[PDB]
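Trainee: I'd like to ask some things about the structure below.
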Amino acid sequence: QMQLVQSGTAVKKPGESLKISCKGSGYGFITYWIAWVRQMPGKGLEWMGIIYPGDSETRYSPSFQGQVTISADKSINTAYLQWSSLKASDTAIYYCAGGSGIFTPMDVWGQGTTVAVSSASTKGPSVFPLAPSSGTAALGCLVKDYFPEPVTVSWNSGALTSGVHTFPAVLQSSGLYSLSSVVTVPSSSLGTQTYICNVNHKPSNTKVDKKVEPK
Amino acid sequence: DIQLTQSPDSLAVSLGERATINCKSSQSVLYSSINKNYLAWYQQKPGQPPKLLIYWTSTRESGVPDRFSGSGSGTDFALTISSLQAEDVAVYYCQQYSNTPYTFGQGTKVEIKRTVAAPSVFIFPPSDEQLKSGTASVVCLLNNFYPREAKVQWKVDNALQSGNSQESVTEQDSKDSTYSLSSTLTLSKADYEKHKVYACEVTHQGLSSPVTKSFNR
Amino acid sequence: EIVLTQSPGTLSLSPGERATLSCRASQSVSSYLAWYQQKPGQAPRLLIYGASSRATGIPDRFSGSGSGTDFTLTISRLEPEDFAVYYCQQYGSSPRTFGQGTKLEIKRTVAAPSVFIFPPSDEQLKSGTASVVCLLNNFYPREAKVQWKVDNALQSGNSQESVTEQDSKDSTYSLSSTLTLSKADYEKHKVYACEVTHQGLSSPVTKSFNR
Amino acid sequence: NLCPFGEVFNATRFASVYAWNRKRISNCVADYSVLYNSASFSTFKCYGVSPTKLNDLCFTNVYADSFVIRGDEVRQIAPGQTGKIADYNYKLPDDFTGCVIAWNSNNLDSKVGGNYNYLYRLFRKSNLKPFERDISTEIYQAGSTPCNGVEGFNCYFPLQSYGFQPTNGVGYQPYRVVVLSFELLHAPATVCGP
Amino acid sequence: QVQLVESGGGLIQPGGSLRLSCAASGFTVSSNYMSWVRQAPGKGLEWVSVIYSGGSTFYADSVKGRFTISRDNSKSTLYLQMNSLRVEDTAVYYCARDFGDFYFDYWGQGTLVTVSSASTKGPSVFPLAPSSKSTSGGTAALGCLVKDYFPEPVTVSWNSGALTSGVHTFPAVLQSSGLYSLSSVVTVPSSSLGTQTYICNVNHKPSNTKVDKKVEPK
Ligand SMILES: *[C@@H]1O[C@H](CO)[C@@H](O[C@@H]2O[C@H](CO)[C@@H](O)[C@H](O)[C@H]2NC(C)=O)[C@H](O)[C@H]1NC(C)=O
């Protein structure tokens, strides 16, 4: 009957200080122990440490002892994960898990906190059309050179959903993300139907409606 | 530091069949010798926080469907999913909680199984608007294919290119259980306009021979 | 870590007087304090435990007072053997910590130092090093200013001083200042003077020799 | 037919740590919800078992250990802990499966007089085995000469008195600790949840 | 009666190990709290470690993981293993009987442990010449110069311990070279310079050096 809520997504430069939050709400938080799990992009779950809010007993994994500090504030039922000098390796999503005792399974989980250490700023994406020159043909849009994630792409303001494949972002060597979204349409509708991709990037306040048509 | 290694890394099971994930423990995981192994199994759907399924090696969490079952003792443990359904596609981790250094397994990706389907290959030349900025991006699309393993090579004027391509793969489609891949070749305007033919060669299990889609600048 | 601050750093009283020593703590320890006496060259001896209770074999003239953060050690009718460094130790929190200690010296009529100067030995001169030693003998108070002046030029950076403990009989101090130089530097000068400034001296006294 | 958890926690008086009380709880239904959801506990640490999942399991017996210690000594009521309380007063096994519930009792167990009848064991030649109770009041012989029952040199009273005062720090304030232990032996079960 | 005698101190290179022994009498070491306290050569007392009567061991933060305290009931001796020694560990280590982890009622004489990369060197004894500049009336001053030795201590006697009145042996001073220098001066009647013979007995056991230097009027 207990729930956990974490802090918002953080974007930081290397060497900065960070401190993410995890506040619990429910009946019985006094018995619950809070632990922090790190999951690098495309990687598995890594257990970092656990703390008891009542007495602030911090048990650390040997892999995260001298590189992170776990604290808590029992007054506000909040646990904290803090870095002094952020490194590019610490770019990962962090979950705080709830367990009502040491050596007990973790029942309650937080939604996760996304941390990005990149040495980049906020830049608006550039949307380029993919030429529909193809039984059936396919078209799409190229979302390139943006930071940070995420980017939401829709076709005809959400009217076209069947046959749409929006690929996950890929981090280029420039430090900026690229994305491609494509749809599958009958080859008889190229000249008649008009296809427009709606690319929105809230971090940059960018909204581009890009029309695509055969060259 | 109790090590947990689980096998297989990848598992392909059809709908309505049984999927088994084994977890091997470096050291025995039992607390107070009460015949209770302190192990847990977690389910993590793509883009969602992990959810606890089984604790103490045989006890289902509240609301877990009956098709999930835990088994094992000592250092050998297993999780079995009888009658696999489409909503069970996730990565499963075995995690021990009998010692202060909590440990997870490396994970086991679970995918539904499909009668092999060949990719639909399309190639997109860089747009004129992008060409003004001085950068050219060539996109090759592999649509609705299975299995996920696919080889894409960029050959410009029949010369293999390397280090200037990045691939992106979507998750399995929720209905036809097919994959999609996008390979993007990024070049400057000078390098792009130094060649004529850009080809995308695809090697896949569902293709009798490699399929090449090319265009001339 | 809880720090015990003792005051004063050093105390000068005549025998038969009353000594009051202070020991303040970073946090409250609530009478979990001990007092020790350490004469030079010896190990500490337990005096007070519980901040008020006297250890066995300790005379009644030693008493402990205070609680919490403020503690006092009082010695009445000081005897010449009751002068040493006194440390306070708390045992109300781990780690158990001591104070810096308070030196307790006897007090005497201001006695002028007797200044003696020793030229470097011929044997030491052979090895290539010269050491000139200036001796201040049987003076009080301890504070004394010694300056090395060679050819009437002040010398600094090549002199070290050593001070003895308070003598058991005349209640004085003895100070040794040694000026070490190489033979080449030593034979580049003629007059080596030791200028001594002290409270018991009407004017500074200088003892000098020629090489 | 509920288990008498009120007797242990809502007790007018508490025992000293060296003579810790244990109440055997059996043949009753244990409703832990009245216990674990209270906000009056400074520390509620469980080992091996989870209180949120006790209203569904069963056990043959449940033990509740009651004593009063200092705040600095609450850390010692835990498996694999060392100290005067843990070695000579109350020792928990390394494989302990249960919970330790502690709350401040400055208002109850303190007196301005600077003393109280709460005691702990200060001297003991060997450490206590888990769940062992030593209530000896015999003079501790620290030397080779027999003590003959009279306290003196190398002969100290084994017990010491807490100086519980309302003006002391939080660490020095008296804390009431209740230790819940769950026993499972091959026998009919007598304690189950709601 | 209670006696505590310590042994095992000396010079040791940084990182090298050492073990300090403490012979105990008048009480059973297996039944009493015992502690090790170190006093720096100039600074205050610091509690290092303690062993409970039941056998539990507790260590300070600055020595945890490197120092191990132990007792031998059969030999009635307290031990202290040093393992990874540091220069900051250079101090005089005391063996004290602990009363319930509260206070130290009895103390041993203390043994000196010096941790430094410096090498042992014998002292050079030079005579402080009694001359016209060291004599005033009947009072005449003479001494010896014990210079450039390591490690401490150095013991100085005059005429094989027959002369003890008016002898001032100053505390050793650490020079910039990393070695110790010391002087020992006496006050004698001026009439005795030509008749009496004065010799200073310098002994430095760590270097096995014994020097008897005769001082003569200039
Ligand atoms: C001690 O007794 C008090 C009442 O004096 C109990 O507190 C109440 O318990 C009832 C149920 O017995 C609840 O409905 C109330 O909400 C409780 N009130 C508060 C303020 O907590 C208390 O539970 C008893 N302590 C125990 C059983 O440990």
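Residue numbering restarts at 1 for every chain of the structure tokens, chains are lettered A, B, ... in their displayed order, and ligands are numbered from 1 as they appear.
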List all protein, DNA and RNA residues that have at least one atom no more than 12 Å from any atom of ligand 1, counting only C-alpha atoms and all ligand atoms, and write them as a list in words.
Mentor: residues 2, 3, 4, 5, 6, 7, 8, 9, 10, 11, 12, 30, 31, 32, 33, 34, 35, 36, 37, 38, 39, 40, 41, 101, 102, 103 and 178 of chain D
Trainee: Just N, CA and C atoms for this one: save the residues we selected as a compact mmCIF listing (two decimals), in the first residue's frame.
Mentor:
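Everything below was put into result-v4.txt:
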```txt
# COMPACT_ATOMS: atom_id res chain seq x y z
N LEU D 2 -7.00 -12.50 19.74
CA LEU D 2 -5.82 -11.85 19.21
C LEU D 2 -4.63 -12.03 20.15
N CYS D 3 -3.43 -12.04 19.57
CA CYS D 3 -2.23 -12.17 20.37
C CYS D 3 -2.00 -10.91 21.20
N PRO D 4 -1.50 -11.05 22.43
CA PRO D 4 -1.37 -9.89 23.33
C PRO D 4 -0.12 -9.06 23.05
N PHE D 5 -0.07 -8.46 21.85
CA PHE D 5 1.01 -7.54 21.54
C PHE D 5 0.94 -6.27 22.37
N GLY D 6 -0.26 -5.90 22.85
CA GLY D 6 -0.38 -4.73 23.70
C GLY D 6 0.36 -4.87 25.02
N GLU D 7 0.43 -6.09 25.56
CA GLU D 7 1.14 -6.30 26.82
C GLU D 7 2.61 -5.93 26.69
N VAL D 8 3.22 -6.24 25.55
CA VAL D 8 4.65 -6.03 25.39
C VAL D 8 4.96 -4.57 25.12
N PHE D 9 4.29 -3.97 24.13
CA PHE D 9 4.60 -2.60 23.75
C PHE D 9 3.97 -1.59 24.71
N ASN D 10 2.69 -1.77 25.03
CA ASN D 10 1.99 -0.90 25.97
C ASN D 10 2.14 -1.39 27.41
N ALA D 11 3.39 -1.57 27.84
CA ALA D 11 3.69 -2.05 29.19
C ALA D 11 4.06 -0.88 30.09
N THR D 12 3.52 -0.89 31.31
CA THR D 12 3.77 0.20 32.24
C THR D 12 5.25 0.30 32.59
N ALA D 30 -2.34 -13.19 15.23
CA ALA D 30 -1.52 -11.99 15.34
C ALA D 30 -1.93 -11.00 14.25
N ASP D 31 -2.44 -9.84 14.68
CA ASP D 31 -2.80 -8.75 13.77
C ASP D 31 -1.69 -7.70 13.86
N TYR D 32 -0.73 -7.80 12.95
CA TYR D 32 0.43 -6.90 12.98
C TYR D 32 0.10 -5.49 12.51
N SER D 33 -1.04 -5.29 11.85
CA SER D 33 -1.37 -3.97 11.30
C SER D 33 -1.47 -2.93 12.40
N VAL D 34 -1.97 -3.31 13.58
CA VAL D 34 -2.03 -2.40 14.71
C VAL D 34 -0.63 -2.03 15.19
N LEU D 35 0.39 -2.80 14.80
CA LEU D 35 1.75 -2.59 15.29
C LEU D 35 2.64 -1.85 14.29
N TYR D 36 2.79 -2.38 13.07
CA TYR D 36 3.82 -1.85 12.18
C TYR D 36 3.44 -0.51 11.57
N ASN D 37 2.16 -0.16 11.54
CA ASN D 37 1.73 1.10 10.95
C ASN D 37 1.72 2.25 11.94
N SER D 38 2.09 2.02 13.19
CA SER D 38 2.23 3.11 14.14
C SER D 38 3.44 3.97 13.78
N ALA D 39 3.31 5.27 14.04
CA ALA D 39 4.37 6.23 13.75
C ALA D 39 5.15 6.63 14.99
N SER D 40 5.04 5.86 16.07
CA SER D 40 5.66 6.18 17.34
C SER D 40 7.04 5.55 17.51
N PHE D 41 7.56 4.88 16.49
CA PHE D 41 8.81 4.13 16.60
C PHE D 41 9.94 4.90 15.92
N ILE D 101 12.27 -3.29 17.30
CA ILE D 101 11.45 -2.09 17.37
C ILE D 101 11.89 -1.29 18.59
N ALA D 102 12.33 -0.05 18.36
CA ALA D 102 12.81 0.81 19.43
C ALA D 102 12.15 2.18 19.32
N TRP D 103 11.80 2.74 20.48
CA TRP D 103 11.25 4.08 20.56
C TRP D 103 11.82 4.78 21.78
N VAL D 178 11.81 -3.51 21.73
CA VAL D 178 11.09 -4.78 21.67
C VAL D 178 11.58 -5.54 20.45
```
Trainee: Extract, using only C-alpha atoms, all DNA, RNA and protein residues at most 7 Å from residue 116 in chain E, discarding same-chain residues fewer than 6 positions from it, and format them as a PyMOL selection string.
Mentor: chain E and resi 12-14+87
Trainee: Would you work out the distance separating CA of residue 187 in chain E from CA of residue 106 in chain C, expressed in Å to one decimal?
Mentor: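 Distance between the two atoms: 22.8 Å.
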Trainee: What lies within 10 Å of residue 105 in chain A using only C-alpha atoms, ignoring chain neighbours under 6 positions off, as a list in words?
Mentor: residues 97, 98 and 99 of chain A; 38, 39, 40, 41, 52, 54, 55, 56, 95, 96, 97 and 98 of chain B; 48, 49 and 50 of chain D
Trainee: At a cut-off of 7 Å, list the chain B residues touching chain A, using only C-alpha atoms, as a compact mmCIF listing (two decimals) with N, CA and C atoms, in the first residue's frame.
Mentor:
```txt
# COMPACT_ATOMS: atom_id res chain seq x y z
N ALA B 40 14.89 -13.70 -6.09
CA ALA B 40 13.74 -13.01 -6.67
C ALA B 40 13.88 -12.97 -8.18
N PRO B 49 9.80 0.62 -15.28
CA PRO B 49 10.58 0.18 -14.13
C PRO B 49 10.36 -1.29 -13.86
N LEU B 52 8.47 -6.80 -9.53
CA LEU B 52 8.77 -8.05 -8.85
C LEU B 52 7.71 -9.09 -9.17
N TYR B 55 9.25 -14.07 -5.26
CA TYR B 55 10.19 -13.91 -4.17
C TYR B 55 10.29 -15.22 -3.40
N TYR B 97 18.98 -11.61 -2.46
CA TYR B 97 18.93 -10.67 -1.35
C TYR B 97 19.25 -11.38 -0.04
N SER B 98 20.27 -12.23 -0.05
CA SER B 98 20.71 -12.93 1.15
C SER B 98 22.02 -12.39 1.71
N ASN B 99 22.64 -11.41 1.05
CA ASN B 99 23.86 -10.80 1.53
C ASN B 99 23.84 -9.31 1.19
N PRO B 101 25.86 -7.29 -0.42
CA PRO B 101 26.00 -6.91 -1.83
C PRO B 101 24.93 -7.56 -2.70
N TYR B 102 23.76 -6.92 -2.79
CA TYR B 102 22.70 -7.43 -3.67
C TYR B 102 23.22 -7.53 -5.10
N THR B 103 22.87 -8.62 -5.77
CA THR B 103 23.35 -8.88 -7.12
C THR B 103 22.18 -9.20 -8.04
N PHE B 104 22.29 -8.73 -9.28
CA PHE B 104 21.34 -9.06 -10.33
C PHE B 104 22.00 -9.99 -11.35
N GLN B 106 22.50 -10.91 -15.49
CA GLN B 106 22.72 -10.07 -16.66
C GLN B 106 21.46 -9.85 -17.48
N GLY B 107 20.40 -10.60 -17.22
CA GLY B 107 19.14 -10.43 -17.92
C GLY B 107 18.94 -11.46 -19.00
N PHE B 124 16.85 5.75 -49.13
CA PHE B 124 16.44 7.14 -49.23
C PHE B 124 17.66 8.02 -49.48
N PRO B 125 17.75 8.69 -50.63
CA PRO B 125 18.85 9.62 -50.86
C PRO B 125 18.71 10.86 -50.00
N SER B 127 18.11 14.57 -48.70
CA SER B 127 17.24 15.62 -49.21
C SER B 127 18.05 16.82 -49.69
N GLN B 130 18.74 19.30 -46.83
CA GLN B 130 19.89 18.90 -46.03
C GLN B 130 21.20 19.11 -46.78
N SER B 168 19.66 1.56 -36.21
CA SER B 168 18.66 1.62 -35.15
C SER B 168 17.62 0.54 -35.39
N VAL B 169 17.25 -0.18 -34.33
CA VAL B 169 16.33 -1.30 -34.41
C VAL B 169 15.15 -1.02 -33.49
N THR B 170 13.94 -1.22 -34.00
CA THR B 170 12.74 -1.05 -33.20
C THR B 170 12.46 -2.30 -32.38
```
Trainee: Could you find all residues in chain B that DSSP calls alpha helix (DSSP H) from the backbone, and write them as a list in words?
Mentor: residues 128, 129, 130, 131, 132, 133, 189, 190, 191 and 192 of chain B
Trainee: Restrict the selected residues to N, CA, C and O atoms and save them as a short mmCIF file (atom, residue, chain, number, x, y, z; two decimals), in the first residue's frame.
Mentor:
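Printed below is part37.cif as written:
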```cif
data_model
loop_
_atom_site.label_atom_id
_atom_site.label_comp_id
_atom_site.auth_asym_id
_atom_site.auth_seq_id
_atom_site.Cartn_x
_atom_site.Cartn_y
_atom_site.Cartn_z
N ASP B 128 17.47 17.57 -50.63
CA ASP B 128 18.13 18.76 -51.14
C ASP B 128 18.28 19.82 -50.05
O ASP B 128 19.29 20.54 -50.02
N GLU B 129 17.29 19.94 -49.17
CA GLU B 129 17.38 20.91 -48.08
C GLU B 129 18.55 20.58 -47.15
O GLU B 129 19.28 21.48 -46.73
N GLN B 130 18.74 19.30 -46.83
CA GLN B 130 19.89 18.90 -46.03
C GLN B 130 21.20 19.11 -46.78
O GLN B 130 22.22 19.43 -46.17
N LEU B 131 21.18 18.94 -48.11
CA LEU B 131 22.40 19.10 -48.89
C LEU B 131 22.89 20.54 -48.89
O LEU B 131 24.09 20.78 -49.07
N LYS B 132 21.99 21.51 -48.69
CA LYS B 132 22.41 22.91 -48.61
C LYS B 132 23.32 23.14 -47.42
O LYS B 132 24.31 23.89 -47.52
N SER B 133 23.01 22.52 -46.28
CA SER B 133 23.79 22.73 -45.06
C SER B 133 25.20 22.15 -45.16
O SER B 133 26.05 22.50 -44.34
N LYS B 189 29.07 17.12 -47.85
CA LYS B 189 28.70 17.37 -49.24
C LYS B 189 29.86 17.06 -50.18
O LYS B 189 29.65 16.51 -51.27
N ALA B 190 31.08 17.43 -49.79
CA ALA B 190 32.24 17.16 -50.64
C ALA B 190 32.44 15.67 -50.84
O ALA B 190 32.60 15.20 -51.97
N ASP B 191 32.43 14.90 -49.75
CA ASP B 191 32.59 13.45 -49.86
C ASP B 191 31.41 12.82 -50.59
O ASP B 191 31.59 11.88 -51.37
N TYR B 192 30.19 13.31 -50.34
CA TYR B 192 29.02 12.75 -51.01
C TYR B 192 29.07 12.99 -52.52
O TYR B 192 28.71 12.11 -53.30
#
```
Trainee: Could you pull the residues within 7 Å of residue 73 in chain B, counting only C-alpha atoms, minus those fewer than 3 positions along the same chain, as a list in words?
Mentor: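 In the requested format, the answer is residues 37, 76 and 77 of chain B.
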Trainee: Please report as a PyMOL selection string which residues of chain A come no farther than 9 Å from chain D, using only C-alpha atoms.
Mentor: chain A and resi 27-33+52-55+99-105
Trainee: With C-alpha atoms retained, could you export that selection as a PDB file, in the first residue's frame?
Mentor:
```
ATOM      1  CA  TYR A  27       1.318   3.229   5.431  1.00  0.00           C
ATOM      2  CA  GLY A  28       4.475   1.704   6.876  1.00  0.00           C
ATOM      3  CA  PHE A  29       7.390   3.733   5.475  1.00  0.00           C
ATOM      4  CA  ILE A  30       9.056   3.390   8.893  1.00  0.00           C
ATOM      5  CA  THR A  31       9.848  -0.278   8.217  1.00  0.00           C
ATOM      6  CA  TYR A  32      10.883   0.285   4.590  1.00  0.00           C
ATOM      7  CA  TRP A  33      14.498   0.366   3.425  1.00  0.00           C
ATOM      8  CA  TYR A  52      17.355   2.827   6.253  1.00  0.00           C
ATOM      9  CA  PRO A  53      15.673   6.231   6.761  1.00  0.00           C
ATOM     10  CA  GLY A  54      15.063   5.675  10.478  1.00  0.00           C
ATOM     11  CA  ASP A  55      18.722   5.514  11.514  1.00  0.00           C
ATOM     12  CA  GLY A  99      11.877  -3.058   0.755  1.00  0.00           C
ATOM     13  CA  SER A 100      10.440  -3.375   4.268  1.00  0.00           C
ATOM     14  CA  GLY A 101      13.604  -4.862   5.685  1.00  0.00           C
ATOM     15  CA  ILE A 102      17.171  -5.797   4.964  1.00  0.00           C
ATOM     16  CA  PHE A 103      17.399  -9.153   3.168  1.00  0.00           C
ATOM     17  CA  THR A 104      13.844  -8.758   1.855  1.00  0.00           C
ATOM     18  CA  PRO A 105      12.519  -8.579  -1.717  1.00  0.00           C
TER      19      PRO A 105
END
```
Trainee: Kindly provide, as a ChimeraX atom specification, the residues of chain D having any atom no farther than 9 Å from an atom of chain E, counting only C-alpha atoms.
Mentor: /D:82-84,87-88,122-128,140-145,154
Trainee: Find the residues in chain C near chain D: any atom within 9 Å counts, using only C-alpha atoms. Write them as a list in words.
Mentor: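 Here they are: residues 28, 29, 30, 68, 92 and 93 of chain C.
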Trainee: Atoms to include: N, CA and C atoms. Write the selected residues as a PDB file, in the first residue's frame.
Mentor:
```
ATOM      1  N   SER C  28      28.087  17.622  25.316  1.00  0.00           N
ATOM      2  CA  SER C  28      27.870  17.250  26.706  1.00  0.00           C
ATOM      3  C   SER C  28      28.233  15.786  26.918  1.00  0.00           C
ATOM      4  N   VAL C  29      29.039  15.518  27.944  1.00  0.00           N
ATOM      5  CA  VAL C  29      29.403  14.151  28.307  1.00  0.00           C
ATOM      6  C   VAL C  29      28.809  13.719  29.637  1.00  0.00           C
ATOM      7  N   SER C  30      28.282  14.650  30.436  1.00  0.00           N
ATOM      8  CA  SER C  30      27.534  14.339  31.655  1.00  0.00           C
ATOM      9  C   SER C  30      28.378  13.524  32.640  1.00  0.00           C
ATOM     10  N   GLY C  68      28.525  17.914  32.309  1.00  0.00           N
ATOM     11  CA  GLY C  68      28.094  18.331  30.990  1.00  0.00           C
ATOM     12  C   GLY C  68      29.249  18.721  30.093  1.00  0.00           C
ATOM     13  N   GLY C  92      32.336   9.586  27.334  1.00  0.00           N
ATOM     14  CA  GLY C  92      30.908   9.642  27.103  1.00  0.00           C
ATOM     15  C   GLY C  92      30.536   9.355  25.664  1.00  0.00           C
ATOM     16  N   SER C  93      31.536   9.260  24.790  1.00  0.00           N
ATOM     17  CA  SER C  93      31.282   9.002  23.379  1.00  0.00           C
ATOM     18  C   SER C  93      32.546   8.470  22.722  1.00  0.00           C
TER      19      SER C  93
END
```
Trainee: For chain C, list the residues within 7 Å of chain E, counting only C-alpha atoms, and write the list as a list in words.
Mentor: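 So the residues of chain C near chain E are residues 34, 42, 43, 44, 45, 46, 91, 95, 96, 97, 98, 100, 116, 117, 118, 121, 124, 162, 163 and 164 of chain C.
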Trainee: Taking 5 positions as the minimum chain separation for residues in the same chain, which residues sit within 7 Å of residue 86 in chain D when counting only C-alpha atoms? Answer as a VMD selection string.
Mentor: chain D and resid 76 to 77 81 91
Trainee: As a PDB file with C-alpha atoms, in the first residue's frame, please: the residues near residue 6 in chain B (cut-off 10 Å, only C-alpha atoms, same-chain neighbours under 2 positions excluded).
Mentor:
```pdb
ATOM      1  CA  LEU B   4      24.400 -14.591 -10.463  1.00  0.00           C
ATOM      2  CA  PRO B   8      20.103 -18.301 -22.053  1.00  0.00           C
ATOM      3  CA  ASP B   9      20.803 -14.653 -22.929  1.00  0.00           C
ATOM      4  CA  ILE B  21      15.088 -19.189 -17.691  1.00  0.00           C
ATOM      5  CA  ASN B  22      17.801 -20.780 -15.553  1.00  0.00           C
ATOM      6  CA  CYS B  23      19.754 -18.816 -12.937  1.00  0.00           C
ATOM      7  CA  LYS B  24      23.043 -20.105 -11.505  1.00  0.00           C
ATOM      8  CA  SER B  25      24.359 -18.854  -8.156  1.00  0.00           C
ATOM      9  CA  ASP B  76      20.481 -23.924  -9.474  1.00  0.00           C
ATOM     10  CA  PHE B  77      17.257 -21.961  -9.962  1.00  0.00           C
ATOM     11  CA  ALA B  78      14.786 -21.553 -12.804  1.00  0.00           C
ATOM     12  CA  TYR B  92      13.931 -11.054 -16.826  1.00  0.00           C
ATOM     13  CA  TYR B  93      16.527 -10.702 -14.058  1.00  0.00           C
ATOM     14  CA  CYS B  94      17.235 -13.017 -11.130  1.00  0.00           C
ATOM     15  CA  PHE B 104      21.342  -9.057 -10.335  1.00  0.00           C
ATOM     16  CA  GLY B 105      21.636 -11.374 -13.287  1.00  0.00           C
ATOM     17  CA  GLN B 106      22.722 -10.071 -16.664  1.00  0.00           C
ATOM     18  CA  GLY B 107      19.141 -10.427 -17.915  1.00  0.00           C
ATOM     19  CA  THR B 108      17.288 -12.693 -20.340  1.00  0.00           C
TER      20      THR B 108
END
```
Trainee: Excluding residue 182 in chain D and residues on its chain fewer than 3 positions from it, collect all residues at most 8 Å away from it, counting only C-alpha atoms, and give them as a PyMOL selection string.
Mentor: chain D and resi 59-63+97-98
